[PDB]
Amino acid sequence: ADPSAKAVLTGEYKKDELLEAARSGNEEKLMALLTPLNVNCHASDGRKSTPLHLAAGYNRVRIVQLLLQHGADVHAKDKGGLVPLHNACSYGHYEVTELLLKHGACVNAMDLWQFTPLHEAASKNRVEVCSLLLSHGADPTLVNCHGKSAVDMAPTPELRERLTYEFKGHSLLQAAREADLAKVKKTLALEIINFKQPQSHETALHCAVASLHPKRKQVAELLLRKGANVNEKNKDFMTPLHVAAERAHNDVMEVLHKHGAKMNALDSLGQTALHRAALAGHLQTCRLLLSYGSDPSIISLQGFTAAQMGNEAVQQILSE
C-alpha cells in the first residue's frame, strides 16, 4: 500500500473520531484530535458536515468555542450549502447562534435552495432565535427557491407579526446608527400618530380636542408628547385650536397653547379660533385666547372682526 494512501486512510479514521468528539461534546478528545489539517474536515457520508456544523447542531457550546478559537471556518458549507449557523438556528440553540454571529457568521447565508438561517428558525417556531437573528440584521422578506419568505414559514400569526415588527424595528435602529436619514424616513412612513381621516384631513388630535369625554386633556397631552402636529389643518383649514375654541373646550386649549399652537392661524374663511369662540358666545374661551396673544383686529374674508360677530358680553371682553 502506497505511503500517501496509507496516510490519507489514517487521517480519515482520525477525522471521523474528531467529528465524533464534536457531536458528543467530548472536549478532551476534541483537543487531542484537532490539528490545523483537520479543523475544517468534512464527514465522508450523510450531510458531509464539518466539526463546527456538528457541534452547532448538537448544542455543544464549549466545542463551538474551542473550534472557533482554533481556526474553524464559520463559513464552511455542508453538501446542501448549510453553514453552521443554519444548524444552530433549525434546532433552536440560542447560545450557539450568538457565538457563531460574534465570530462573523453571515446572518442571511443561503443554502443551495436559498434557505436562510431565519427560514430555519421561523419554520420550527424558534421564537427567541428569530429575535436574535433579526437583531443582527436577518431579513425575513428574502425568498427561498419556492418563493417563500421566513414570514411565510412562521407557523403562528404571533410569530409572523413579531418577525415584521422586529425587522422594522432593527431596520430603524441601524439606519439611526448610520445616520441614514432617507432610510429613517422610509421606516417611519407608516407611523399613525398623524394619520388623516381621508375625507376631512382630521388627525387624532382634532378628534381628541373635540371630545366630550372626561380625559380629553390627558389624551391631547399624550398625542402631543408622542408626535402629534399641534397646528395640523383639516379640509377647512381648522387647526385643533379652532376645533377646541368653537366648542369652549378650554382645558385642551391650554394644552395646545403650551405646545406652540399658532393663535392667529386662519381657517378657510380667514377666521381665527377667536372669531369662532366669539361667534359661539364662549366668554371664558375669548378671555383665554386674548391672554394667549390672539389678535382681536383680524378681519375675516367676510369682512368681520371677532367683535362684529359676537354678543354684547363678547364685544366688551374684546374692547379691553
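A residue's number is simply how far along the shown sequence it sits, counting from 1.
> Averaging C-alpha B-factors over each stretch, which comes out higher, 41-49 or 268-276?
Per the PDB entry, the higher value belongs to 41-49.
> Is the mean CA B factor in the deposited entry higher across 18-26 or across 5-13?
Result: 5-13.
> Tell me, please, which of 140, 198, 169, 84 has the highest C-alpha B factor according to the deposited entry?
Highest C-alpha B-factor among the listed residues goes to 198.
> Per the entry's Cα B factor values, which of 194, 114, 174, 239 stands out as the maximum?
By C-alpha B-factor in the record, 114 ranks first.
> Compare the C-alpha B factor of residue 132 with those of the other modelled residues in its chain, then answer lowest, middle or highest third.
As the PDB entry reports it, the C-alpha B-factor of residue 132 lands in the lowest third of its chain.
> Where does the C-alpha B-factor of residue 144 rank in its chain, lowest, middle or highest third?
Highest third, going by the recorded CA B-factors of the chain.
> Divide the modelled residues of the chain into thirds by Cα B-factor and specify which third, lowest, middle or highest, holds residue 55.
CA B-factor rank for residue 55: lowest third.
> Please say which third, lowest, middle or highest, residue 178 falls into when its CA temperature factor is compared across its chain.
As the PDB entry reports it, the C-alpha B-factor of residue 178 lands in the lowest third of its chain.
> Can you tell me whether residue 163 has a C-alpha B-factor in the lowest, middle or highest third compared with the other modelled residues of the same chain?
Tercile = lowest for this residue's CA B-factor.
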